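Hydrogens, waters and symmetry mates play no part in the numbers below; they use all other heavy atoms, side chains included. First the proteins, then the strands, lettered A, B, ... as listed; each starts at 1.
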Amino acid sequence: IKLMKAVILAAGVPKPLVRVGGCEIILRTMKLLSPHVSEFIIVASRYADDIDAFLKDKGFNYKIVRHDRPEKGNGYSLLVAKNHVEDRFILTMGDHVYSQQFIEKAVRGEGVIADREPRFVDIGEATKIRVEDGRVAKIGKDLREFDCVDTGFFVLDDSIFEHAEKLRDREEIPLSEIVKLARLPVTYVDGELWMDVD
Amino acid sequence: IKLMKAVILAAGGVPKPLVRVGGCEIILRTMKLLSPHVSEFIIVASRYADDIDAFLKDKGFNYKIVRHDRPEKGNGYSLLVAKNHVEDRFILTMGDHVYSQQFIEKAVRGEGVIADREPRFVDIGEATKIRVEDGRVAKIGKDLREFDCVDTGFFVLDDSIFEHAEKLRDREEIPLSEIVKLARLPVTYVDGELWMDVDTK
């Protein structure tokens, strides 16, 4: 799997700086992604200065991209990262914890990384996915019919911005809405250790 | 392993026991996993006692909130405050720690401090470490230079713990690790299972 940029959504103590097992959430993700990543694009808002200060002495090649609309959602944060990426790129959440085993499989994937065997997360509370012909048909926390769970990890193409731009003029831009509109391919990474902190 | 009471230390924005990890509050995950082994939960709380009580009311568990107004005294004081709510062998756990079912199943069958010789998730450098001598705690702390295992924050205690905890009552801060050391607690190994602490500093 060739080197690519990794976009970390850290906008809207900040959640990326919460320590899980003695290590900040964002630091765990960056350490695990670093052998596969040329540059980290960290999209942040109010805590951009706090994250930048934390990361300064860490030894990673990173850029903080700031916006002023945390209320516009994760889909808006992806649109703000458009000019900082080209071709295939990793997209992840700054509030999710992933194991090395999860990361090693996920970086080799395409589209949304989905879990058919969630071992840690509560299925009822999780963002669910209904798959049709290896692509996202339905996505949401309240799906009644579903086959897998959204892990908040993605391997995206520049073609994602074509779908995200269609929602550019809306009040809230949910990332799940872009995923559905793009009919994103699904890659299964089953039963590996991953969890969200909220 | 016979039914016993479980003491959850939840004293000293959003309180740590109410932080959601994988869509479930930390304290709720621990209680759900402990519930088949536990007769009553004794939750030691301070500032957020009302918030925890209100959260737990509709959950279906048999629990009692034990309050104190000294969170600055530490976890060692929180355990001393639980003395009159327990008799004989009881479980002691932290409200900021996440444990798996596999961890809990082995941990409830243990004695003294549950320690991990193979930590798979937690950062060893940041963890509370333990140096063991003849199956008992010889040294304990976050800055040990010589150690063989990591403190999981899970314990199976006897009423004899209060005899050691009482010795430190007129102290400014009562660290739980200091009581553990003074008691020369036996160690039970639960290796490489899923467990982690949630903190900020």
With chain A as the partner, which of B:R120, B:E25, B:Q101, B:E126 has the greatest number of non-hydrogen pairs under 4.5 Å?
B:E126

Is the distance between the ring centroids of A:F89 and A:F161 less than 6.0 Å?
yes

Please state whether the side chain, the backbone, both or neither of B:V98 comes within less than 4.5 Å of a heavy atom of chain A.
side chain

In terms of heavy-atom proximity below 4.5 Å to chain B, should A:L193 be classed as side chain, backbone, both, or neither?
side chain

Salt bridge (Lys or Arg N to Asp or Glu O under 4.0 Å) assessment of B:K83 paired with B:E166
CA-CA 10 Å; B:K83 190 188 181 187; B:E166 218 143 299; 2.8 Å; yes

Under 4.5 Å from any heavy atom of chain B, what part of A:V197 do you find: side chain, backbone, both or neither?
both

When the 4.5 angstrom heavy-atom criterion is applied to A:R28 and chain B, the contacting part is side chain

Would you check if the side chain of B:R136 reaches a backbone N or O of B:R184 as a donor-acceptor pair within less than 3.5 Å?
yes

Are any side-chain N or O atoms of B:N62 and backbone N or O atoms of B:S39, one a donor and one an acceptor, separated by less than 3.5 Å?
yes

Pair A:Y76 + A:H67: ring centers closer than 6.0 Å:
yes

Top contributor to chain A interface from B:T200, B:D96, B:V21, B:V19 [non-hydrogen pairs under 4.5 Å]
B:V21

